[PDB]
>>> print(open('model31.cif').read())   # mmCIF, C-alpha atoms; chains and numbers go by the auth columns
data_structure
#
loop_
_atom_site.group_PDB
_atom_site.id
_atom_site.type_symbol
_atom_site.label_atom_id
_atom_site.label_comp_id
_atom_site.label_asym_id
_atom_site.label_seq_id
_atom_site.Cartn_x
_atom_site.Cartn_y
_atom_site.Cartn_z
_atom_site.B_iso_or_equiv
_atom_site.auth_seq_id
_atom_site.auth_asym_id
ATOM 1 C CA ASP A 1 10.295 -9.459 67.211 0.00 301 A
ATOM 2 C CA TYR A 2 9.363 -11.341 64.039 0.00 302 A
ATOM 3 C CA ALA A 3 6.555 -8.877 63.318 0.00 303 A
ATOM 4 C CA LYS A 4 9.136 -6.091 63.542 0.00 304 A
ATOM 5 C CA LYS A 5 11.511 -8.066 61.316 0.00 305 A
ATOM 6 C CA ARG A 6 8.813 -8.352 58.661 0.00 306 A
ATOM 7 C CA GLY A 7 7.248 -5.233 57.190 0.00 307 A
ATOM 8 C CA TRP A 8 3.993 -5.475 59.146 0.00 308 A
ATOM 9 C CA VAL A 9 2.269 -2.250 60.149 0.00 309 A
ATOM 10 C CA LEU A 10 1.382 -3.376 63.706 0.00 310 A
ATOM 11 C CA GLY A 11 -2.071 -1.863 63.964 0.00 311 A
ATOM 12 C CA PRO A 12 -4.423 -2.781 66.825 0.00 312 A
ATOM 13 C CA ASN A 13 -3.255 -5.594 69.101 0.00 313 A
ATOM 14 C CA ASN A 14 -2.719 -8.714 66.988 0.00 314 A
ATOM 15 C CA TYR A 15 -3.997 -6.662 64.038 0.00 315 A
ATOM 16 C CA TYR A 16 -1.500 -6.143 61.202 0.00 316 A
ATOM 17 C CA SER A 17 -2.835 -5.131 57.793 0.00 317 A
ATOM 18 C CA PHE A 18 -1.073 -7.019 54.999 0.00 318 A
ATOM 19 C CA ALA A 19 -1.913 -4.448 52.296 0.00 319 A
ATOM 20 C CA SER A 20 -2.919 -7.215 49.895 0.00 320 A
ATOM 21 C CA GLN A 21 -3.985 -4.379 47.572 0.00 321 A
ATOM 22 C CA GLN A 22 -0.432 -4.343 46.149 0.00 322 A
ATOM 23 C CA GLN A 23 -1.139 -0.706 45.210 0.00 323 A
ATOM 24 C CA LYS A 24 -3.936 -2.048 42.962 0.00 324 A
ATOM 25 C CA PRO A 25 -2.301 -0.871 39.715 0.00 325 A
ATOM 26 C CA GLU A 26 -5.014 1.005 37.824 0.00 326 A
ATOM 27 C CA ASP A 27 -3.003 3.668 35.988 0.00 327 A
ATOM 28 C CA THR A 28 -2.894 2.960 32.254 0.00 328 A
ATOM 29 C CA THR A 29 -1.006 5.093 29.743 0.00 329 A
ATOM 30 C CA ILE A 30 -1.792 3.481 26.366 0.00 330 A
ATOM 31 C CA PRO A 31 1.773 2.426 25.448 0.00 331 A
ATOM 32 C CA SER A 32 1.912 4.173 22.088 0.00 332 A
ATOM 33 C CA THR A 33 5.509 4.289 20.857 0.00 333 A
ATOM 34 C CA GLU A 34 5.857 0.513 21.159 0.00 334 A
ATOM 35 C CA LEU A 35 2.532 -0.142 19.420 0.00 335 A
ATOM 36 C CA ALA A 36 3.506 2.242 16.619 0.00 336 A
ATOM 37 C CA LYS A 37 6.809 0.390 16.294 0.00 337 A
ATOM 38 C CA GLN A 38 4.992 -2.951 16.134 0.00 338 A
ATOM 39 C CA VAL A 39 2.604 -1.798 13.406 0.00 339 A
ATOM 40 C CA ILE A 40 5.483 -0.250 11.457 0.00 340 A
ATOM 41 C CA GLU A 41 7.279 -3.598 11.670 0.00 341 A
ATOM 42 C CA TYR A 42 4.125 -5.250 10.331 0.00 342 A
ATOM 43 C CA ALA A 43 4.146 -2.826 7.404 0.00 343 A
ATOM 44 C CA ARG A 44 7.857 -3.399 6.803 0.00 344 A
ATOM 45 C CA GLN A 45 7.358 -7.158 6.611 0.00 345 A
ATOM 46 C CA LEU A 46 4.320 -6.749 4.352 0.00 346 A
ATOM 47 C CA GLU A 47 6.131 -4.446 1.914 0.00 347 A
ATOM 48 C CA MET A 48 9.757 -5.623 1.880 0.00 348 A
ATOM 49 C CA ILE A 49 10.876 -8.042 -0.829 0.00 349 A
ATOM 50 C CA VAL A 50 11.605 -11.343 0.907 0.00 350 A
ATOM 51 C CA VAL B 1 0.771 10.596 -28.786 0.00 156 B
ATOM 52 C CA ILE B 2 2.554 13.582 -30.340 0.00 157 B
ATOM 53 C CA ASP B 3 5.017 14.101 -33.181 0.00 158 B
ATOM 54 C CA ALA B 4 6.792 16.939 -34.977 0.00 159 B
ATOM 55 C CA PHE B 5 7.233 17.164 -38.737 0.00 160 B
ATOM 56 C CA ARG B 6 8.885 19.086 -41.548 0.00 161 B
ATOM 57 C CA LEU B 7 8.750 18.697 -45.305 0.00 162 B
ATOM 58 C CA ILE B 8 11.120 17.297 -47.935 0.00 163 B
ATOM 59 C CA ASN B 9 11.740 19.180 -51.168 0.00 164 B
ATOM 60 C CA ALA B 10 11.360 17.643 -54.630 0.00 165 B
ATOM 61 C CA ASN B 11 14.883 16.167 -54.572 0.00 166 B
ATOM 62 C CA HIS B 12 19.533 12.313 -52.059 0.00 172 B
ATOM 63 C CA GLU B 13 18.776 12.167 -48.333 0.00 173 B
ATOM 64 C CA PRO B 14 16.688 14.853 -46.592 0.00 174 B
ATOM 65 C CA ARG B 15 19.006 15.091 -43.576 0.00 175 B
ATOM 66 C CA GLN B 16 22.536 14.268 -42.466 0.00 176 B
ATOM 67 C CA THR B 17 23.181 11.800 -39.647 0.00 177 B
ATOM 68 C CA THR B 18 26.010 12.710 -37.272 0.00 178 B
ATOM 69 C CA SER B 19 24.665 10.640 -34.364 0.00 179 B
ATOM 70 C CA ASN B 20 22.204 7.898 -33.447 0.00 180 B
ATOM 71 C CA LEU B 21 19.687 10.326 -31.945 0.00 181 B
ATOM 72 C CA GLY B 22 17.447 10.427 -35.011 0.00 182 B
ATOM 73 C CA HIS B 23 17.072 6.664 -35.462 0.00 183 B
ATOM 74 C CA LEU B 24 15.520 5.758 -32.116 0.00 184 B
ATOM 75 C CA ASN B 25 11.755 5.992 -32.761 0.00 185 B
ATOM 76 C CA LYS B 26 10.731 3.207 -35.174 0.00 186 B
ATOM 77 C CA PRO B 27 8.230 5.216 -37.255 0.00 187 B
ATOM 78 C CA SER B 28 4.676 3.923 -37.059 0.00 188 B
ATOM 79 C CA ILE B 29 3.013 1.993 -39.865 0.00 189 B
ATOM 80 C CA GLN B 30 0.174 4.511 -40.134 0.00 190 B
ATOM 81 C CA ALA B 31 2.567 7.434 -40.576 0.00 191 B
ATOM 82 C CA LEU B 32 4.582 5.437 -43.105 0.00 192 B
ATOM 83 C CA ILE B 33 1.413 4.678 -45.078 0.00 193 B
ATOM 84 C CA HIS B 34 0.304 8.312 -44.970 0.00 194 B
ATOM 85 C CA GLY B 35 3.651 9.646 -46.175 0.00 195 B
ATOM 86 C CA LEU B 36 6.354 9.588 -43.511 0.00 196 B
ATOM 87 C CA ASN B 37 9.945 9.649 -44.823 0.00 197 B
ATOM 88 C CA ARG B 38 8.570 10.349 -48.324 0.00 198 B
ATOM 89 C CA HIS B 39 6.825 13.740 -48.145 0.00 199 B
ATOM 90 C CA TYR B 40 7.917 14.731 -44.619 0.00 200 B
ATOM 91 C CA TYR B 41 10.256 13.644 -41.832 0.00 201 B
ATOM 92 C CA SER B 42 9.847 13.503 -38.066 0.00 202 B
ATOM 93 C CA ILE B 43 11.773 15.384 -35.382 0.00 203 B
ATOM 94 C CA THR B 44 12.354 14.086 -31.864 0.00 204 B
ATOM 95 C CA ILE B 45 10.330 15.802 -29.139 0.00 205 B
ATOM 96 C CA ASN B 46 12.032 16.525 -25.816 0.00 206 B
ATOM 97 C CA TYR B 47 10.482 17.825 -22.611 0.00 207 B
ATOM 98 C CA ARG B 48 13.197 19.898 -20.945 0.00 208 B
ATOM 99 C CA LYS B 49 11.881 21.536 -17.776 0.00 209 B
ATOM 100 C CA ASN B 50 13.029 24.188 -15.325 0.00 210 B
ATOM 101 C CA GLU B 51 13.278 23.837 -11.565 0.00 211 B
ATOM 102 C CA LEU B 52 10.021 25.653 -10.819 0.00 212 B
ATOM 103 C CA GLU B 53 8.114 23.618 -13.412 0.00 213 B
ATOM 104 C CA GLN B 54 9.469 20.399 -11.907 0.00 214 B
ATOM 105 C CA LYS B 55 8.576 21.491 -8.383 0.00 215 B
ATOM 106 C CA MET B 56 5.049 22.542 -9.338 0.00 216 B
ATOM 107 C CA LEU B 57 4.401 19.314 -11.239 0.00 217 B
ATOM 108 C CA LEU B 58 5.558 17.306 -8.225 0.00 218 B
ATOM 109 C CA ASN B 59 3.519 19.445 -5.812 0.00 219 B
ATOM 110 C CA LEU B 60 0.307 19.182 -7.852 0.00 220 B
ATOM 111 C CA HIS B 61 -0.770 15.923 -6.192 0.00 221 B
ATOM 112 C CA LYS B 62 0.375 16.818 -2.669 0.00 222 B
ATOM 113 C CA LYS B 63 -2.492 16.822 -0.172 0.00 223 B
ATOM 114 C CA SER B 64 -3.097 18.922 2.920 0.00 224 B
ATOM 115 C CA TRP B 65 -1.228 17.904 6.056 0.00 225 B
ATOM 116 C CA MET B 66 -4.347 17.539 8.212 0.00 226 B
ATOM 117 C CA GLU B 67 -5.728 14.977 5.760 0.00 227 B
ATOM 118 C CA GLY B 68 -2.805 12.737 6.642 0.00 228 B
ATOM 119 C CA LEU B 69 -3.451 12.650 10.385 0.00 229 B
ATOM 120 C CA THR B 70 -7.246 12.635 10.075 0.00 230 B
ATOM 121 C CA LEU B 71 -8.761 9.387 11.349 0.00 231 B
ATOM 122 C CA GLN B 72 -11.724 7.521 9.857 0.00 232 B
ATOM 123 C CA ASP B 73 -15.156 6.967 11.384 0.00 233 B
ATOM 124 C CA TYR B 74 -14.855 3.878 13.540 0.00 234 B
ATOM 125 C CA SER B 75 -18.405 2.724 12.798 0.00 235 B
ATOM 126 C CA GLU B 76 -17.698 2.783 9.059 0.00 236 B
ATOM 127 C CA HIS B 77 -14.286 1.165 9.566 0.00 237 B
ATOM 128 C CA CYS B 78 -15.752 -1.695 11.605 0.00 238 B
ATOM 129 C CA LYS B 79 -18.574 -2.131 9.091 0.00 239 B
ATOM 130 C CA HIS B 80 -16.082 -2.421 6.228 0.00 240 B
ATOM 131 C CA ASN B 81 -13.957 -4.913 8.161 0.00 241 B
ATOM 132 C CA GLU B 82 -17.039 -6.997 8.956 0.00 242 B
ATOM 133 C CA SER B 83 -18.190 -6.982 5.334 0.00 243 B
ATOM 134 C CA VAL B 84 -14.800 -8.069 4.027 0.00 244 B
ATOM 135 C CA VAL B 85 -14.433 -10.855 6.602 0.00 245 B
ATOM 136 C CA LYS B 86 -17.905 -12.145 5.746 0.00 246 B
ATOM 137 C CA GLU B 87 -16.902 -12.185 2.077 0.00 247 B
ATOM 138 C CA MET B 88 -13.638 -13.953 2.925 0.00 248 B
ATOM 139 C CA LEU B 89 -15.655 -16.716 4.591 0.00 249 B
ATOM 140 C CA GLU B 90 -17.397 -17.674 1.342 0.00 250 B
ATOM 141 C CA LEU B 91 -14.138 -17.181 -0.534 0.00 251 B
ATOM 142 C CA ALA B 92 -12.517 -19.678 1.848 0.00 252 B
ATOM 143 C CA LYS B 93 -15.269 -22.206 1.165 0.00 253 B
ATOM 144 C CA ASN B 94 -14.692 -21.802 -2.572 0.00 254 B
ATOM 145 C CA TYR B 95 -10.921 -21.997 -2.053 0.00 255 B
ATOM 146 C CA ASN B 96 -11.319 -25.321 -0.257 0.00 256 B
ATOM 147 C CA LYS B 97 -13.417 -26.559 -3.168 0.00 257 B
ATOM 148 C CA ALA B 98 -10.855 -25.363 -5.721 0.00 258 B
ATOM 149 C CA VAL B 99 -7.842 -26.890 -3.960 0.00 259 B
ATOM 150 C CA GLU B 100 -9.397 -30.348 -4.298 0.00 260 B
ATOM 151 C CA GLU B 101 -9.172 -29.714 -8.042 0.00 261 B
ATOM 152 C CA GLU B 102 -5.849 -28.890 -9.788 0.00 262 B
ATOM 153 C CA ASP B 103 -4.987 -32.611 -9.613 0.00 263 B
ATOM 154 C CA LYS B 104 -7.891 -33.794 -11.790 0.00 264 B
ATOM 155 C CA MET B 105 -7.062 -31.133 -14.382 0.00 265 B
ATOM 156 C CA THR B 106 -5.249 -31.309 -17.701 0.00 266 B
ATOM 157 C CA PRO B 107 -2.120 -29.112 -17.849 0.00 267 B
ATOM 158 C CA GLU B 108 -3.859 -27.087 -20.568 0.00 268 B
ATOM 159 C CA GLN B 109 -7.310 -27.176 -18.952 0.00 269 B
ATOM 160 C CA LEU B 110 -6.084 -25.319 -15.857 0.00 270 B
ATOM 161 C CA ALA B 111 -5.544 -22.064 -17.755 0.00 271 B
ATOM 162 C CA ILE B 112 -9.071 -22.003 -19.210 0.00 272 B
ATOM 163 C CA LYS B 113 -10.520 -23.233 -15.922 0.00 273 B
ATOM 164 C CA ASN B 114 -10.385 -19.626 -14.655 0.00 274 B
ATOM 165 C CA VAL B 115 -12.373 -18.094 -17.515 0.00 275 B
ATOM 166 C CA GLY B 116 -15.800 -16.814 -16.525 0.00 276 B
ATOM 167 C CA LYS B 117 -15.384 -18.197 -12.992 0.00 277 B
ATOM 168 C CA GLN B 118 -14.226 -16.546 -9.778 0.00 278 B
ATOM 169 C CA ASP B 119 -10.696 -17.102 -8.455 0.00 279 B
ATOM 170 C CA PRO B 120 -10.911 -17.554 -4.665 0.00 280 B
ATOM 171 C CA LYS B 121 -7.138 -17.413 -4.174 0.00 281 B
ATOM 172 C CA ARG B 122 -6.760 -14.118 -6.033 0.00 282 B
ATOM 173 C CA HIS B 123 -9.740 -12.551 -4.283 0.00 283 B
ATOM 174 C CA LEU B 124 -8.498 -13.719 -0.878 0.00 284 B
ATOM 175 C CA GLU B 125 -5.095 -12.165 -1.545 0.00 285 B
ATOM 176 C CA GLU B 126 -6.662 -8.858 -2.606 0.00 286 B
ATOM 177 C CA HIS B 127 -8.938 -8.742 0.441 0.00 287 B
ATOM 178 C CA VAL B 128 -6.018 -9.588 2.728 0.00 288 B
ATOM 179 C CA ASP B 129 -3.975 -6.743 1.259 0.00 289 B
ATOM 180 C CA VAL B 130 -6.776 -4.197 1.621 0.00 290 B
ATOM 181 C CA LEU B 131 -7.579 -5.257 5.194 0.00 291 B
ATOM 182 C CA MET B 132 -3.940 -5.175 6.273 0.00 292 B
ATOM 183 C CA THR B 133 -3.352 -1.737 4.773 0.00 293 B
ATOM 184 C CA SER B 134 -6.496 -0.212 6.266 0.00 294 B
ATOM 185 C CA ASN B 135 -6.074 -1.636 9.764 0.00 295 B
ATOM 186 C CA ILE B 136 -2.340 -0.942 10.035 0.00 296 B
ATOM 187 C CA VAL B 137 -2.836 2.636 8.847 0.00 297 B
ATOM 188 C CA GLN B 138 -5.698 3.231 11.273 0.00 298 B
ATOM 189 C CA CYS B 139 -3.847 1.805 14.281 0.00 299 B
ATOM 190 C CA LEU B 140 -0.675 3.760 13.532 0.00 300 B
ATOM 191 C CA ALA B 141 -2.616 6.991 13.008 0.00 301 B
ATOM 192 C CA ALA B 142 -4.474 6.431 16.276 0.00 302 B
ATOM 193 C CA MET B 143 -1.238 5.973 18.222 0.00 303 B
ATOM 194 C CA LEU B 144 0.439 8.946 16.551 0.00 304 B
ATOM 195 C CA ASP B 145 -2.513 11.181 17.408 0.00 305 B
ATOM 196 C CA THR B 146 -2.604 9.800 20.953 0.00 306 B
ATOM 197 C CA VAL B 147 0.930 11.058 21.503 0.00 307 B
ATOM 198 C CA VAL B 148 0.925 14.252 19.420 0.00 308 B
ATOM 199 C CA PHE B 149 -2.311 15.649 20.885 0.00 309 B
ATOM 200 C CA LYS B 150 -1.357 15.543 24.560 0.00 310 B
#
>>> encode(input="model31.cif", output="structure tokens")
Amino acid sequence: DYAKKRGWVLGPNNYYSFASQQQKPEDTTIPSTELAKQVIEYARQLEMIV
Amino acid sequence: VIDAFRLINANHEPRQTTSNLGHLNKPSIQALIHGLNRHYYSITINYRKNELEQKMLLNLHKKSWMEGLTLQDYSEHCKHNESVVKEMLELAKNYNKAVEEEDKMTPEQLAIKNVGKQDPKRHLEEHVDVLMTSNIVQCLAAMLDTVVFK
């Protein structure tokens, strides 16, 4: 009953994979807009009259 | 350096003044020695332009669009960064040495202290500016290309 309550796959008898992979996040997209914004902020602070 | 001239007859004043426009140039000593306001007088030069002349003069220095997005060899970029940082190291040593001075220095002696001798603070500032400009430009161009080209 508790195995059913939790999200356990219930494989072979007394064999429930826990999927510790956590999807193994490997996709990477080079966040580019935010990095461009950061560098532009750097330039703004370098150039602006304080 | 350009000027316009006309002669004065053997007479009185050569011209009539109905405005301040004439008396705005402060004639040069050389021209005065060589005969200005005695044998000839100057005339103001103006550079009125038309729209197409203005546009062409402004466009002269405009570069091709691809040059703007073009990146810069990463090997050369890294080599330049490395060279400048290595130079900044010695400049920092010299800056540490110089900071210990400026207290054992006469108020007049400080000005002539930087005559014939390097200025670590000034050189550090210049190197910092060049490094910041180059690296910021390269990073921003890289990101912009990353998005624009798929």
>>> residues_around(input="model31.cif", residues="residue 273 in chain B", least_positions_apart="4", cutoff="12 Å", atoms="all atoms listed in the file", output="VMD selection string")
chain B and resid 258 261 to 262 264 to 269 277 to 279
>>> atom_distance(input="model31.cif", atom1="CA of residue 305 in chain B", atom2="CA of residue 293 in chain B")
18.1 Å
>>> interface_residues(input="model31.cif", of="chain B", to="chain A", cutoff="7 Å", atoms="only C-alpha atoms", output="list in words")
residues 296, 300, 303 and 307 of chain B
>>> write_last_selection(input="model31.cif", atoms="C-alpha atoms", output="PDB file, in the coordinates of the input")
ATOM      1  CA  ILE B 296      -2.340  -0.942  10.035  1.00  0.00           C
ATOM      2  CA  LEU B 300      -0.675   3.760  13.532  1.00  0.00           C
ATOM      3  CA  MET B 303      -1.238   5.973  18.222  1.00  0.00           C
ATOM      4  CA  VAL B 307       0.930  11.058  21.503  1.00  0.00           C
TER       5      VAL B 307
END
>>> atom_distance(input="model31.cif", atom1="CA of residue 177 in chain B", atom2="CA of residue 198 in chain B")
17.1 Å
>>> closest_residue(input="model31.cif", among="B:280, B:294, B:157, B:301", to="residue 240 in chain B", atoms="only C-alpha atoms")
B:294
>>> build_atoms(input="model31.cif", residues="range 209-241 of chain B", atoms="N, CA and C atoms", output="compact mmCIF listing (two decimals), in the coordinates of the input")
# COMPACT_ATOMS: atom_id res chain seq x y z
N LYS B 209 12.64 20.78 -18.76
CA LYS B 209 11.88 21.54 -17.78
C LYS B 209 12.83 22.34 -16.90
N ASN B 210 12.30 23.39 -16.30
CA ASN B 210 13.03 24.19 -15.32
C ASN B 210 12.67 23.75 -13.91
N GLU B 211 13.43 24.28 -12.95
CA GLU B 211 13.28 23.84 -11.56
C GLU B 211 11.88 24.12 -11.04
N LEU B 212 11.34 25.30 -11.33
CA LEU B 212 10.02 25.65 -10.82
C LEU B 212 8.94 24.80 -11.46
N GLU B 213 9.07 24.51 -12.76
CA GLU B 213 8.11 23.62 -13.41
C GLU B 213 8.15 22.23 -12.78
N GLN B 214 9.35 21.71 -12.55
CA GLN B 214 9.47 20.40 -11.91
C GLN B 214 8.81 20.41 -10.54
N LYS B 215 9.11 21.43 -9.74
CA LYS B 215 8.58 21.49 -8.38
C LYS B 215 7.06 21.59 -8.39
N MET B 216 6.50 22.40 -9.29
CA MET B 216 5.05 22.54 -9.34
C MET B 216 4.39 21.25 -9.80
N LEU B 217 4.97 20.58 -10.79
CA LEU B 217 4.40 19.31 -11.24
C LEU B 217 4.42 18.29 -10.12
N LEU B 218 5.51 18.24 -9.35
CA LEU B 218 5.56 17.31 -8.22
C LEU B 218 4.56 17.69 -7.14
N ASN B 219 4.39 18.98 -6.88
CA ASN B 219 3.52 19.44 -5.81
C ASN B 219 2.04 19.36 -6.17
N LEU B 220 1.71 19.20 -7.45
CA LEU B 220 0.31 19.18 -7.85
C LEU B 220 -0.51 18.21 -7.01
N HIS B 221 -0.02 16.99 -6.84
CA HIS B 221 -0.77 15.92 -6.19
C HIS B 221 -0.61 15.91 -4.68
N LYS B 222 0.18 16.81 -4.11
CA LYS B 222 0.38 16.82 -2.67
C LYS B 222 -0.90 17.27 -1.97
N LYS B 223 -1.27 16.55 -0.92
CA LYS B 223 -2.49 16.82 -0.17
C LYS B 223 -2.19 17.62 1.09
N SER B 224 -3.24 18.14 1.70
CA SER B 224 -3.10 18.92 2.92
C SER B 224 -2.59 18.04 4.06
N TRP B 225 -1.85 18.66 4.98
CA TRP B 225 -1.23 17.90 6.06
C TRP B 225 -2.27 17.30 6.98
N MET B 226 -3.33 18.05 7.30
CA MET B 226 -4.35 17.54 8.21
C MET B 226 -5.00 16.28 7.67
N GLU B 227 -5.13 16.17 6.35
CA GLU B 227 -5.73 14.98 5.76
C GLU B 227 -4.93 13.74 6.14
N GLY B 228 -3.62 13.89 6.30
CA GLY B 228 -2.80 12.74 6.64
C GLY B 228 -3.10 12.20 8.03
N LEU B 229 -3.21 13.08 9.01
CA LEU B 229 -3.45 12.65 10.38
C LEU B 229 -4.92 12.38 10.67
N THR B 230 -5.83 12.83 9.81
CA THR B 230 -7.25 12.64 10.07
C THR B 230 -7.57 11.15 10.15
N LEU B 231 -8.33 10.77 11.18
CA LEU B 231 -8.76 9.39 11.35
C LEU B 231 -9.99 9.13 10.49
N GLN B 232 -10.64 7.99 10.71
CA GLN B 232 -11.72 7.52 9.86
C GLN B 232 -12.81 6.94 10.75
N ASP B 233 -14.05 7.34 10.51
CA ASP B 233 -15.16 6.97 11.38
C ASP B 233 -15.06 5.50 11.76
N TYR B 234 -15.07 5.24 13.07
CA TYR B 234 -14.86 3.88 13.54
C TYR B 234 -16.04 2.98 13.22
N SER B 235 -17.25 3.52 13.21
CA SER B 235 -18.40 2.72 12.80
C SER B 235 -18.25 2.24 11.36
N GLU B 236 -17.89 3.16 10.46
CA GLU B 236 -17.70 2.78 9.06
C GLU B 236 -16.53 1.81 8.91
N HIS B 237 -15.45 2.05 9.64
CA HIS B 237 -14.29 1.16 9.57
C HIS B 237 -14.65 -0.25 10.00
N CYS B 238 -15.34 -0.38 11.13
CA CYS B 238 -15.75 -1.70 11.60
C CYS B 238 -16.72 -2.35 10.63
N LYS B 239 -17.64 -1.57 10.06
CA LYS B 239 -18.57 -2.13 9.09
C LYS B 239 -17.84 -2.69 7.88
N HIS B 240 -16.85 -1.95 7.38
CA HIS B 240 -16.08 -2.42 6.23
C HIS B 240 -15.31 -3.69 6.57
N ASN B 241 -14.68 -3.72 7.74
CA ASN B 241 -13.96 -4.91 8.16
C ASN B 241 -14.89 -6.11 8.23
